[PDB]
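Heads up: the structure comes next, in structure tokens.
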Amino acid sequence: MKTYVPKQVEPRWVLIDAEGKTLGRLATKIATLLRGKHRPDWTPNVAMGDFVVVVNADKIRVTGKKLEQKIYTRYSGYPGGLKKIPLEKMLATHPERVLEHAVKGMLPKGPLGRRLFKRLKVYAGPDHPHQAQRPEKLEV
Amino acid sequence: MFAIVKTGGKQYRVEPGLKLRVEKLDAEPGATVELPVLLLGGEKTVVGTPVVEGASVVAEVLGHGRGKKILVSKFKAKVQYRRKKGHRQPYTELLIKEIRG
Amino acid sequence: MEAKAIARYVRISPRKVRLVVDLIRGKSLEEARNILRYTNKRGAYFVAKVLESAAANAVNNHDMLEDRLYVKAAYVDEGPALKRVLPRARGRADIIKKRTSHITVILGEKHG
Amino acid sequence: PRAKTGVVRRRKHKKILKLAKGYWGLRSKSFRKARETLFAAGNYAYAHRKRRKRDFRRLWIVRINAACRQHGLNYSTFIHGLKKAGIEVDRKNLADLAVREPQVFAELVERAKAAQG
Amino acid sequence: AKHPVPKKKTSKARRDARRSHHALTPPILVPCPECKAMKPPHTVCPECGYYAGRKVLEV
Amino acid sequence: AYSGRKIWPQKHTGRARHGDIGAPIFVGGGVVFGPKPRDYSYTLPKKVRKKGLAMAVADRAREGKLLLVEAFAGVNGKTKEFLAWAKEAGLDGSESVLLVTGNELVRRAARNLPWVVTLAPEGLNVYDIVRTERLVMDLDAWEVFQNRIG
RNA sequence: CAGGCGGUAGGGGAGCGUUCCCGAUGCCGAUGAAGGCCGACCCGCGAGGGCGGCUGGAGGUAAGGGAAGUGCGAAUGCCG
RNA sequence: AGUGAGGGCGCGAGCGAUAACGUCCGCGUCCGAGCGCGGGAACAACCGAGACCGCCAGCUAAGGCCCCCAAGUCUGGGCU
RNA sequence: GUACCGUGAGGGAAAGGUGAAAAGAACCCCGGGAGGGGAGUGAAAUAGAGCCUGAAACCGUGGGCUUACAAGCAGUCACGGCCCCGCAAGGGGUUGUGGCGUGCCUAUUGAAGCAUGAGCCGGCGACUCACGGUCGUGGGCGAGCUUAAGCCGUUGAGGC
Ligand SMILES: [Mg+2]
Ligand SMILES: [Mg+2]
Ligand SMILES: [Mg+2]
Ligand SMILES: [Mg+2]
Ligand SMILES: [Mg+2]
Ligand SMILES: [Mg+2]
Ligand SMILES: [Mg+2]
Ligand SMILES: [Mg+2]
Ligand SMILES: [Mg+2]
Ligand SMILES: [Mg+2]
Ligand SMILES: [Mg+2]
Ligand SMILES: [Mg+2]
Ligand SMILES: [Mg+2]
Ligand SMILES: [Mg+2]
Ligand SMILES: [Mg+2]
Ligand SMILES: [Mg+2]
Ligand SMILES: [Mg+2]
Ligand SMILES: [Mg+2]
Ligand SMILES: [Mg+2]
Ligand SMILES: [Mg+2]
Ligand SMILES: [Mg+2]
Ligand SMILES: [Mg+2]
Ligand SMILES: [Mg+2]
Ligand SMILES: [Mg+2]
Ligand SMILES: [Mg+2]
Ligand SMILES: [Mg+2]
Ligand SMILES: [Mg+2]
Ligand SMILES: [Mg+2]
Ligand SMILES: [Mg+2]
Ligand SMILES: [Mg+2]
Ligand SMILES: [Mg+2]
Ligand SMILES: [Mg+2]
Ligand SMILES: [Mg+2]
Ligand SMILES: [Mg+2]
Ligand SMILES: [Mg+2]
Ligand SMILES: [Mg+2]
Ligand SMILES: [Mg+2]
Ligand SMILES: [Mg+2]
Ligand SMILES: [Mg+2]
Ligand SMILES: [Mg+2]
Ligand SMILES: [Mg+2]
Ligand SMILES: [Mg+2]
Ligand SMILES: [Mg+2]
Ligand SMILES: [Mg+2]
Ligand SMILES: [Mg+2]
Ligand SMILES: [Mg+2]
Ligand SMILES: [Mg+2]
Ligand SMILES: [Mg+2]
Ligand SMILES: [Mg+2]
Ligand SMILES: [Mg+2]
Ligand SMILES: [Mg+2]
Ligand SMILES: [Mg+2]
Ligand SMILES: [Mg+2]
Ligand SMILES: [Mg+2]
Ligand SMILES: [Mg+2]
Ligand SMILES: [Mg+2]
Ligand SMILES: [Mg+2]
Ligand SMILES: [Mg+2]
Ligand SMILES: [Mg+2]
Ligand SMILES: [Mg+2]
Ligand SMILES: [Mg+2]
Ligand SMILES: [Mg+2]
Ligand SMILES: [Mg+2]
Ligand SMILES: [Mg+2]
Ligand SMILES: [Mg+2]
Ligand SMILES: [Mg+2]
Ligand SMILES: [Mg+2]
Ligand SMILES: [Mg+2]
Ligand SMILES: [Mg+2]
Ligand SMILES: [Mg+2]
Ligand SMILES: [Mg+2]
Ligand SMILES: [Mg+2]
Ligand SMILES: [Mg+2]
Ligand SMILES: [Mg+2]
Ligand SMILES: [Mg+2]
Ligand SMILES: [Mg+2]
Ligand SMILES: [Mg+2]
Ligand SMILES: [Mg+2]
Ligand SMILES: [Mg+2]
Ligand SMILES: [Mg+2]
Ligand SMILES: [Mg+2]
Ligand SMILES: [Mg+2]
Ligand SMILES: [Mg+2]
Ligand SMILES: [Mg+2]
Ligand SMILES: [Mg+2]
Ligand SMILES: [Mg+2]
Ligand SMILES: [Mg+2]
Ligand SMILES: [Mg+2]
Ligand SMILES: [Mg+2]
Ligand SMILES: [Mg+2]
Ligand SMILES: [Mg+2]
Ligand SMILES: [Mg+2]
Ligand SMILES: [Mg+2]
Ligand SMILES: [Mg+2]
Ligand SMILES: [Mg+2]
Ligand SMILES: [Mg+2]
Ligand SMILES: [Mg+2]
Ligand SMILES: [Mg+2]
Ligand SMILES: [Mg+2]
Ligand SMILES: [Mg+2]
Ligand SMILES: [Mg+2]
Ligand SMILES: [Mg+2]
Ligand SMILES: [Mg+2]
Ligand SMILES: [Mg+2]
Ligand SMILES: [Mg+2]
Ligand SMILES: [Mg+2]
Ligand SMILES: [Mg+2]
Ligand SMILES: [Mg+2]
Ligand SMILES: [Mg+2]
Ligand SMILES: [Mg+2]
Ligand SMILES: [Mg+2]
Ligand SMILES: [Mg+2]
Ligand SMILES: [Mg+2]
Ligand SMILES: [Mg+2]
Ligand SMILES: [Mg+2]
Ligand SMILES: [Mg+2]
Ligand SMILES: [Mg+2]
Ligand SMILES: [Mg+2]
Ligand SMILES: [Mg+2]
Ligand SMILES: [Mg+2]
Ligand SMILES: [Mg+2]
Ligand SMILES: [Mg+2]
Ligand SMILES: [Mg+2]
Ligand SMILES: [Mg+2]
Ligand SMILES: [Mg+2]
Ligand SMILES: [Mg+2]
Ligand SMILES: [Mg+2]
Ligand SMILES: [Mg+2]
Ligand SMILES: [Mg+2]
Ligand SMILES: [Mg+2]
Ligand SMILES: [Mg+2]
Ligand SMILES: [Mg+2]
Ligand SMILES: [Mg+2]
Ligand SMILES: [Mg+2]
Ligand SMILES: [Mg+2]
Ligand SMILES: [Mg+2]
Ligand SMILES: [Mg+2]
Ligand SMILES: [Mg+2]
Ligand SMILES: [Mg+2]
Ligand SMILES: [Mg+2]
Ligand SMILES: [Mg+2]
Ligand SMILES: [Mg+2]
Ligand SMILES: [Mg+2]
Ligand SMILES: [Mg+2]
Ligand SMILES: [Mg+2]
Ligand SMILES: [Mg+2]
Ligand SMILES: [Mg+2]
Ligand SMILES: [Mg+2]
Ligand SMILES: [Mg+2]
Ligand SMILES: [Mg+2]
Ligand SMILES: [Mg+2]
Ligand SMILES: [Mg+2]
Ligand SMILES: [Mg+2]
Ligand SMILES: [Mg+2]
Ligand SMILES: [Mg+2]
Ligand SMILES: [Mg+2]
Ligand SMILES: [Mg+2]
Ligand SMILES: [Mg+2]
Ligand SMILES: [Mg+2]
Ligand SMILES: [Mg+2]
Ligand SMILES: [Mg+2]
Ligand SMILES: [Mg+2]
Ligand SMILES: [Mg+2]
Ligand SMILES: [Mg+2]
Ligand SMILES: [Mg+2]
Ligand SMILES: [Mg+2]
Ligand SMILES: [Mg+2]
Ligand SMILES: [Mg+2]
Ligand SMILES: [Mg+2]
Ligand SMILES: [Mg+2]
Ligand SMILES: [Mg+2]
Ligand SMILES: [Mg+2]
Ligand SMILES: [Mg+2]
Ligand SMILES: [Mg+2]
Ligand SMILES: [Zn+2]
């Protein structure tokens with residue numbers, strides 16, 4: 001008696017509103033969905049997660065002085081090439097990234113994890129363009 | 001109707017007519033043996049605590065046999081240590097006849 | 001039906017001939033003649049001789065018609081190498097391999 | 001009497017290259033690289049047979065959990081309720097039920113709930 | 001100079017990989033307007049000796 | 001047969017270190033522990049030798065395959081003559097025979113049979129008796145055997 | 001039935017295979033020896049041993065014993 | 001027979017500078033030979049635990065239960 | 001005892017195998033030749049002289065699976081896909097994604113080690129033998145056991 005393995009299956013689009021939610025505690029869940037681990041037929045070597053659409057990302061919330069004090073870095077390969085950006089500034093420019101970035105670092109590394117990351121759809125402001133898939137508004 | 005049975009220290013979901021390979025039993029081939037039922041599903045739903053009282057699954061032993069050879073090898077480095085063992089796990093094949101209960 | 005030809009113990013290095021042979025493989029006997037006619041390599045000579053020897057064998061030996069011939073298969077195999085001593089500075093000596101080839105051409109008919 | 005090597009060493013060598021079919025480059029063409037690779041392979045099998053067991057328990061657990069939270073309770077307490085109610089159905093089967101027999105899993109949920117408070 | 005030297009034999013994969021570009025190009029050719037024999041363009045025909053209508057050299 | 005020269009200097013060649021090319025490590029070099037002439041013989045206790053010789057005739061006695069004859073009648077020398085006689089002693093040659101006798105002529109007759117092994121009495125030995133199905137002996141030779149042992 | 005069974009140096013035990021000897025004036029062999037190449041088959045814990053297909057073309061060596069130039073992956077080993 | 005280069009850690013001393021992945025002894029332990037398994041990101045010797053083989057069964061240890069990553073975004077009560 | 005090396009004394013190789021029989025391939029064809037394609041000989045030419053068998057490294061041609069947003073001691077466990085063998089169920093090949101993953105040897109307190117050895121394959125390659133010891137062991141005889149050289153016999157015979 002072998003374990004059930006699901007056959008290729010229709011995805012499930014979903015909608016999240018990020019206004020007011022705590023950055024970390026939200027993405028911890030967006031990852032959970034993306035990965036698929038809420039479906040009882042879950043399967044680790046295939047992409048069977050949800051598609052997540054997130055809106056009002058620009059209005060995510062953080063505790064503490066993280067607005068000014070938390071610092072997003074990235075290298076550049078050149079000498080002196082380390083760039084360091086305070087959260088304030090990132091929200092000011094590309095607020096989408098803040099959530100994007102937070103969720104990414106919670107997804108598996110490698111081919112599949114990079115594919116699951118593409119199923120995340122983050123927008124600042126209340127409007128998203130995926131009216132076509134009619135995403136089921138999620139609550140938690 | 002389906003049954004969750006328990007034999008050879010493991011559990012399997014059976015239906016009548018299921019060909020099942022299991023840990024080696026004593027029955028002569030062609031003998032029929034009763035297997036304890038842990039749960040009955042399908043139309044009824046009877047749930048064992050741990051075992052369902054009246055139930056039983058009648059199965060017939062088709063035959064015994066050795067599984068394919070699993071070659072078990074050991075190797076520690078810089079220490080001249082190698083071992084080759086050839087494991088062929090024994091089993092019993094059952095045809096599931098019916099589900100009493 | 002197919003017709004074969006093999007020039008062998010040809011004193012040229014295989015990688016070099018094999019370069020030319022790849023030009024004509026799968027080609028028609030007419031492109032092949034044209035291609036080798038103007039391939040700026042030394043190997044062109046030898047592959048050409050085999051390609052012509054095959055075509056002869058095709059019609060003179062195997063009842064096949066010249067207007068339908070094509071290079072169905074062709075290859076070069078390494079032959080025994082002529083080994084040679086090359087004296088280097090400070091007394092050292094090297095071995096030069098003057099390599100050789102076994103050039104094979106296989107022609108078929110096809111009527112498309 | 002002289003007992004020259006003869007046929008023996010080839011036969012050993014061929015025996016092992018036979019095993020190493022599929023291996024990459026010299027690991028399938030060189031006896032000495034074949035052997036080395038095989039050493040590893042043997043140990044990976046032995047250790048992975050052990051791991052395979054853990055791996056499936058994890059998989060099953062992840063599913064039983066998912067199925068659980070549909071009925072609004074975690075695997076944590078589900079298992080517990082299933083224990084205090086003397087159920088002995090294992091995870092390999094719990095998980096197959098969670099998928100193939102929703103209505104039965106759903107029942108086992110109510111039972112577990114019942115027998116912990 | 002201190003005599004640089006290959007640290008490892010090149011693998012068959014990596015050798016042949018390098019030669020992915022070594023492949024030869026078929027001679028580019030055109031038919032002669034006169035004798036219709038194939039020949040390289042912009043060159044005087046070796047078969048009939050004509051170029052640009054005129055007979056250039058005698059074959 | 002090689003020289004004793006060190007084929008090349010100990011250091012700074014980049015080759016491995018060597019001595020003469022008669023070193024067993026070279027092809028064509030000497031052999032490490034190859035065979036040299038030998039005496040495989042040894043002096044088995046005389047008492048043992050006798051005791052087994054008697055014991056061999058015993059094994060053949062118990063089997064019944066021992067036969068004593070006082071003389072072979074027809075045999076004047078030729079093989080067919082023995083074949084005649086052998087027929088009568090019931091030696092049809094379906095089984096091997098050790099023929100022990102002092103009689104020069106009789107051994108001559110039986111000799112070329114591929115089922116017969118000829119022997120003088122002095123030559124009795126336990127190998128030859130074991131590797132034959134049947135024992136057949138002169139009374140004149142039995143005397144020798146009885147005398148050896150004792 | 002009960003218990004034990006990680007293991008370097010090292011000690012002990014039981015086996016596998018190579019060449020040769022007896023077994024042999026035998027038995028197997030052109031209806032194909034040895035050797036080679038395959039195999040998802042059989043037996044063996046394993047070293048191995050069989051069976052089948054292809055090659056090969058003249059040898060082979062049983063049960064039971066005997067004897068050793070008896071098993072290689074490394075020696076900047078030797079030869080090719 | 002092998003061993004007669006040991007090492008780390010805890011504890012007790014000498015040397016040292018109440019330095020050293022220091023050194024020298026003593027008691028114990030483990031690595032050595034358990035660079036096999038779980039934890040401690042990674043890590044001989046710290047925590048857990050002494051691997052005969054098989055299983056798509058179960059319980060626990062250390063350590064853990066928000067995501068990467070198995071299990072509580074558990075329940076009270078404080079502090080920052 | 002040559003080739004070759006060395007002024008010299010001296011050093012010192014490699015190299016055996018068509019087939020029972022040369023019947024050793026006339027003649028035609030391509031080619032300057034070499035070499036091949038027909039033909040012919042033979043049981044066999046996948047015995048064609050660079051000749052019995054013809055392993056491995058190594059080099060090609062053809063086919064199946066696979067690969068151009070994934071970072072790797074090259075494997076392994078699982079699932080899935082394609083191709084193939086299979087009445088069935090089962091299997092072979094390949095590998096997309098997921099899990100796990102510090103070559104072998106030696107020397108070492110300790111090595112994946114940026115310590116040693118190995119380009120790869122094939123073959124040669126190291127605990128022997130004699131005499132004497134000391135234990136164990138299979139036997140023979142036992143207050144006794146046992147012969148050495150040699151002599152006789154044999155010519156794989158033993159006796160004295
Ligand atoms: Mg879905
Ligand atoms: Mg839905
Ligand atoms: Mg708003
Ligand atoms: Mg700058
Ligand atoms: Mg800087
Ligand atoms: Mg900025
Ligand atoms: Mg990671
Ligand atoms: Mg995106
Ligand atoms: Mg908007
Ligand atoms: Mg909108
Ligand atoms: Mg928009
Ligand atoms: Mg939708
Ligand atoms: Mg049903
Ligand atoms: Mg079955
Ligand atoms: Mg009954
Ligand atoms: Mg089987
Ligand atoms: Mg099997
Ligand atoms: Mg170890
Ligand atoms: Mg074993
Ligand atoms: Mg090509
Ligand atoms: Mg043309
Ligand atoms: Mg120069
Ligand atoms: Mg050189
Ligand atoms: Mg070179
Ligand atoms: Mg050897
Ligand atoms: Mg492979
Ligand atoms: Mg295991
Ligand atoms: Mg694990
Ligand atoms: Mg377990
Ligand atoms: Mg409770
Ligand atoms: Mg290639
Ligand atoms: Mg180019
Ligand atoms: Mg024109
Ligand atoms: Mg032209
Ligand atoms: Mg000499
Ligand atoms: Mg000297
Ligand atoms: Mg030399
Ligand atoms: Mg030297
Ligand atoms: Mg050098
Ligand atoms: Mg050097
Ligand atoms: Mg050297
Ligand atoms: Mg030497
Ligand atoms: Mg030599
Ligand atoms: Mg010796
Ligand atoms: Mg001697
Ligand atoms: Mg003595
Ligand atoms: Mg004597
Ligand atoms: Mg006489
Ligand atoms: Mg005779
Ligand atoms: Mg005889
Ligand atoms: Mg005689
Ligand atoms: Mg005789
Ligand atoms: Mg005799
Ligand atoms: Mg054994
Ligand atoms: Mg014989
Ligand atoms: Mg014979
Ligand atoms: Mg004879
Ligand atoms: Mg026989
Ligand atoms: Mg014949
Ligand atoms: Mg036959
Ligand atoms: Mg045959
Ligand atoms: Mg092959
Ligand atoms: Mg088979
Ligand atoms: Mg078996
Ligand atoms: Mg045998
Ligand atoms: Mg067998
Ligand atoms: Mg044949
Ligand atoms: Mg054969
Ligand atoms: Mg012959
Ligand atoms: Mg034998
Ligand atoms: Mg036989
Ligand atoms: Mg035997
Ligand atoms: Mg034998
Ligand atoms: Mg014997
Ligand atoms: Mg034997
Ligand atoms: Mg030897
Ligand atoms: Mg070695
Ligand atoms: Mg070597
Ligand atoms: Mg070297
Ligand atoms: Mg050499
Ligand atoms: Mg060399
Ligand atoms: Mg050689
Ligand atoms: Mg060499
Ligand atoms: Mg000592
Ligand atoms: Mg001592
Ligand atoms: Mg000392
Ligand atoms: Mg030391
Ligand atoms: Mg110590
Ligand atoms: Mg200590
Ligand atoms: Mg410490
Ligand atoms: Mg301390
Ligand atoms: Mg102090
Ligand atoms: Mg101090
Ligand atoms: Mg201090
Ligand atoms: Mg300090
Ligand atoms: Mg201080
Ligand atoms: Mg200290
Ligand atoms: Mg101190
Ligand atoms: Mg201590
Ligand atoms: Mg450990
Ligand atoms: Mg220990
Ligand atoms: Mg280690
Ligand atoms: Mg550990
Ligand atoms: Mg760890
Ligand atoms: Mg740490
Ligand atoms: Mg370490
Ligand atoms: Mg440490
Ligand atoms: Mg570790
Ligand atoms: Mg360790
Ligand atoms: Mg701990
Ligand atoms: Mg503790
Ligand atoms: Mg317990
Ligand atoms: Mg537990
Ligand atoms: Mg504790
Ligand atoms: Mg705990
Ligand atoms: Mg955590
Ligand atoms: Mg984990
Ligand atoms: Mg989890
Ligand atoms: Mg010389
Ligand atoms: Mg001859
Ligand atoms: Mg001859
Ligand atoms: Mg010819
Ligand atoms: Mg001509
Ligand atoms: Mg000329
Ligand atoms: Mg012919
Ligand atoms: Mg013919
Ligand atoms: Mg024939
Ligand atoms: Mg043939
Ligand atoms: Mg000749
Ligand atoms: Mg000749
Ligand atoms: Mg020749
Ligand atoms: Mg020639
Ligand atoms: Mg040759
Ligand atoms: Mg050949
Ligand atoms: Mg094709
Ligand atoms: Mg290909
Ligand atoms: Mg990507
Ligand atoms: Mg993998
Ligand atoms: Mg899948
Ligand atoms: Mg396809
Ligand atoms: Mg296909
Ligand atoms: Mg197939
Ligand atoms: Mg079939
Ligand atoms: Mg079929
Ligand atoms: Mg299948
Ligand atoms: Mg497959
Ligand atoms: Mg793979
Ligand atoms: Mg597969
Ligand atoms: Mg990985
Ligand atoms: Mg390490
Ligand atoms: Mg080494
Ligand atoms: Mg280390
Ligand atoms: Mg190294
Ligand atoms: Mg270092
Ligand atoms: Mg160094
Ligand atoms: Mg050193
Ligand atoms: Mg070497
Ligand atoms: Mg080497
Ligand atoms: Mg090196
Ligand atoms: Mg080199
Ligand atoms: Mg040896
Ligand atoms: Mg010794
Ligand atoms: Mg010894
Ligand atoms: Mg020895
Ligand atoms: Mg001795
Ligand atoms: Mg003593
Ligand atoms: Mg003794
Ligand atoms: Mg005694
Ligand atoms: Mg003496
Ligand atoms: Mg005489
Ligand atoms: Mg004499
Ligand atoms: Mg003799
Ligand atoms: Mg003789
Ligand atoms: Mg004597
Ligand atoms: Zn023209």
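Residues in the structure tokens are named by chain (A, B, ... in the order shown) and by number from 1 within that chain; ligands are numbered from 1 in the order shown.
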Please, which residues have at least one atom within 8 Å of an atom of ligand 12, using only C-alpha atoms (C1' of nucleotides) and all ligand atoms, listed as a PDB file with C-alpha atoms, in the first residue's frame?
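Okay, this is what ended up in result.pdb:
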ATOM      1  CA  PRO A  11      -4.515  25.879  -9.004  1.00  0.00           C
ATOM      2  CA  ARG A  12      -6.422  28.048  -6.539  1.00  0.00           C
ATOM      3  CA  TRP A  13      -6.060  31.802  -6.598  1.00  0.00           C
ATOM      4  CA  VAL A  14      -6.553  33.719  -3.375  1.00  0.00           C
ATOM      5  CA  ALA A 132      -9.593  37.316 -14.606  1.00  0.00           C
ATOM      6  CA  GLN A 133      -8.883  34.565 -12.028  1.00  0.00           C
ATOM      7  CA  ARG A 134     -11.430  36.027  -9.590  1.00  0.00           C
ATOM      8  CA  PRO A 135      -9.279  35.290  -6.537  1.00  0.00           C
ATOM      9  CA  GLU A 136     -11.104  34.043  -3.440  1.00  0.00           C
TER      10      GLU A 136
END
Would you list the contacts of residue 8 of chain H as JSON, numbers by chain, taking every protein, DNA or RNA residue within 9 Å and counting only C-alpha atoms (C1' of nucleotides), but skipping same-chain residues closer than 6 positions in sequence? {"H": [30, 31, 44, 45], "I": [109]}
Please dump the current selection as a PDB file, in the first residue's frame; keep N, CA, C and O atoms (P, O5', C5', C4', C3', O3' and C1' of nucleotides).
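Listed below is the output, out.pdb:
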ATOM      1  P     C H  30      32.956   6.470  28.497  1.00  0.00           P
ATOM      2  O5'   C H  30      33.299   6.946  27.017  1.00  0.00           O
ATOM      3  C5'   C H  30      32.316   7.592  26.223  1.00  0.00           C
ATOM      4  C4'   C H  30      32.857   8.816  25.539  1.00  0.00           C
ATOM      5  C3'   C H  30      33.670   8.576  24.288  1.00  0.00           C
ATOM      6  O3'   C H  30      32.849   8.372  23.155  1.00  0.00           O
ATOM      7  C1'   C H  30      34.772  10.137  25.652  1.00  0.00           C
ATOM      8  P     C H  31      33.361   7.442  21.948  1.00  0.00           P
ATOM      9  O5'   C H  31      34.521   8.309  21.256  1.00  0.00           O
ATOM     10  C5'   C H  31      34.209   9.271  20.265  1.00  0.00           C
ATOM     11  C4'   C H  31      35.441   9.934  19.714  1.00  0.00           C
ATOM     12  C3'   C H  31      36.457   9.044  19.038  1.00  0.00           C
ATOM     13  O3'   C H  31      36.100   8.703  17.717  1.00  0.00           O
ATOM     14  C1'   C H  31      37.559  10.508  20.484  1.00  0.00           C
ATOM     15  P     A H  44      32.969  16.553  13.432  1.00  0.00           P
ATOM     16  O5'   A H  44      33.504  16.791  14.922  1.00  0.00           O
ATOM     17  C5'   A H  44      34.846  16.506  15.270  1.00  0.00           C
ATOM     18  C4'   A H  44      34.957  15.093  15.773  1.00  0.00           C
ATOM     19  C3'   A H  44      34.962  14.926  17.292  1.00  0.00           C
ATOM     20  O3'   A H  44      33.652  14.763  17.847  1.00  0.00           O
ATOM     21  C1'   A H  44      36.835  13.820  16.349  1.00  0.00           C
ATOM     22  P     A H  45      32.802  15.997  18.484  1.00  0.00           P
ATOM     23  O5'   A H  45      32.773  15.709  20.043  1.00  0.00           O
ATOM     24  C5'   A H  45      32.476  14.424  20.537  1.00  0.00           C
ATOM     25  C4'   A H  45      33.576  13.944  21.441  1.00  0.00           C
ATOM     26  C3'   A H  45      33.987  14.862  22.584  1.00  0.00           C
ATOM     27  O3'   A H  45      33.093  14.774  23.691  1.00  0.00           O
ATOM     28  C1'   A H  45      35.904  14.000  21.497  1.00  0.00           C
TER      29        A H  45
ATOM     30  P     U I 109      49.773  10.027  16.572  1.00  0.00           P
ATOM     31  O5'   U I 109      48.374  10.613  17.046  1.00  0.00           O
ATOM     32  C5'   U I 109      47.689  10.074  18.152  1.00  0.00           C
ATOM     33  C4'   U I 109      46.535  10.958  18.531  1.00  0.00           C
ATOM     34  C3'   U I 109      45.626  11.371  17.390  1.00  0.00           C
ATOM     35  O3'   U I 109      44.658  10.386  17.121  1.00  0.00           O
ATOM     36  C1'   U I 109      46.169  13.257  18.706  1.00  0.00           C
TER      37        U I 109
END
Can I get the residues close to ligand 164 as a ChimeraX atom specification, where close means within 7 Å and we count only C-alpha atoms (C1' of nucleotides) and all ligand atoms? /F:33 /I:127-128
So which residues are near ligand 32, meaning at most 12 Å away with only C-alpha atoms (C1' of nucleotides) and all ligand atoms counted, given back as a ChimeraX atom specification? /C:19 /E:19-26
DSSP on the backbone, then: every residue of chain C marked helix (DSSP H, G or I), written as a VMD selection string. chain C and resid 14 to 24 29 to 37 43 to 62 66 to 68 89 to 91
Which residues come within 10 Å of residue 39 of chain C, counting only C-alpha atoms (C1' of nucleotides), excluding same-chain residues fewer than 3 positions away, as a PyMOL selection string? (chain C and resi 20+23+34-36+42-45) or (chain E and resi 24-28)
Write out, as a PDB file, in the first residue's frame, the residues just selected, with N, CA and C atoms.
ATOM      1  N   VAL C  20      36.137  17.387 -42.617  1.00  0.00           N
ATOM      2  CA  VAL C  20      35.626  17.435 -43.979  1.00  0.00           C
ATOM      3  C   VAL C  20      34.441  16.488 -44.185  1.00  0.00           C
ATOM      4  N   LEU C  23      30.947  17.530 -43.581  1.00  0.00           N
ATOM      5  CA  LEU C  23      30.358  18.404 -44.594  1.00  0.00           C
ATOM      6  C   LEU C  23      29.405  17.669 -45.538  1.00  0.00           C
ATOM      7  N   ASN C  34      30.323  18.761 -55.442  1.00  0.00           N
ATOM      8  CA  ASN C  34      30.442  20.210 -55.405  1.00  0.00           C
ATOM      9  C   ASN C  34      31.137  20.691 -54.150  1.00  0.00           C
ATOM     10  N   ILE C  35      30.674  20.228 -52.991  1.00  0.00           N
ATOM     11  CA  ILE C  35      31.254  20.640 -51.708  1.00  0.00           C
ATOM     12  C   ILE C  35      32.749  20.330 -51.600  1.00  0.00           C
ATOM     13  N   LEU C  36      33.114  19.094 -51.889  1.00  0.00           N
ATOM     14  CA  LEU C  36      34.508  18.713 -51.811  1.00  0.00           C
ATOM     15  C   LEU C  36      35.366  19.434 -52.853  1.00  0.00           C
ATOM     16  N   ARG C  42      42.970  19.902 -46.815  1.00  0.00           N
ATOM     17  CA  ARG C  42      43.714  18.829 -47.467  1.00  0.00           C
ATOM     18  C   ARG C  42      42.873  17.573 -47.503  1.00  0.00           C
ATOM     19  N   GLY C  43      42.050  17.388 -46.483  1.00  0.00           N
ATOM     20  CA  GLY C  43      41.243  16.185 -46.400  1.00  0.00           C
ATOM     21  C   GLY C  43      40.240  16.031 -47.533  1.00  0.00           C
ATOM     22  N   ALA C  44      39.901  17.146 -48.165  1.00  0.00           N
ATOM     23  CA  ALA C  44      38.892  17.145 -49.199  1.00  0.00           C
ATOM     24  C   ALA C  44      39.299  16.144 -50.265  1.00  0.00           C
ATOM     25  N   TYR C  45      40.582  16.152 -50.591  1.00  0.00           N
ATOM     26  CA  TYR C  45      41.134  15.236 -51.566  1.00  0.00           C
ATOM     27  C   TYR C  45      40.750  13.797 -51.274  1.00  0.00           C
TER      28      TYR C  45
ATOM     29  N   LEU E  24      32.969  22.967 -39.662  1.00  0.00           N
ATOM     30  CA  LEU E  24      33.243  23.649 -40.935  1.00  0.00           C
ATOM     31  C   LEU E  24      31.996  24.170 -41.688  1.00  0.00           C
ATOM     32  N   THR E  25      32.170  25.246 -42.441  1.00  0.00           N
ATOM     33  CA  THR E  25      31.095  25.754 -43.291  1.00  0.00           C
ATOM     34  C   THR E  25      31.216  25.265 -44.735  1.00  0.00           C
ATOM     35  N   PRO E  26      30.108  24.777 -45.312  1.00  0.00           N
ATOM     36  CA  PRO E  26      30.119  24.394 -46.725  1.00  0.00           C
ATOM     37  C   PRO E  26      30.483  25.581 -47.610  1.00  0.00           C
ATOM     38  N   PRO E  27      31.232  25.334 -48.697  1.00  0.00           N
ATOM     39  CA  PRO E  27      31.686  26.427 -49.540  1.00  0.00           C
ATOM     40  C   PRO E  27      30.467  27.090 -50.061  1.00  0.00           C
ATOM     41  N   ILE E  28      30.400  28.416 -50.105  1.00  0.00           N
ATOM     42  CA  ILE E  28      29.219  29.032 -50.727  1.00  0.00           C
ATOM     43  C   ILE E  28      29.428  29.002 -52.252  1.00  0.00           C
TER      44      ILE E  28
END
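Excluding segment 1-6 of chain H itself and same-chain residues fewer than 2 positions from it, the residues having an atom within 7 Å of it are residues 9, 10 and 11 of chain G; 109 of chain I, counting only C-alpha atoms (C1' of nucleotides).
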Using C-alpha atoms (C1' of nucleotides), can you export the residues from the last selection as a PDB file, in the first residue's frame?
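Result written to part.pdb:
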ATOM      1  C1'   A G   9      46.331  -2.522  15.836  1.00  0.00           C
ATOM      2  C1'   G G  10      45.882  -7.567  16.850  1.00  0.00           C
ATOM      3  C1'   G G  11      44.206 -12.827  18.168  1.00  0.00           C
TER       4        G G  11
ATOM      5  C1'   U I 109      46.169  13.257  18.706  1.00  0.00           C
TER       6        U I 109
END
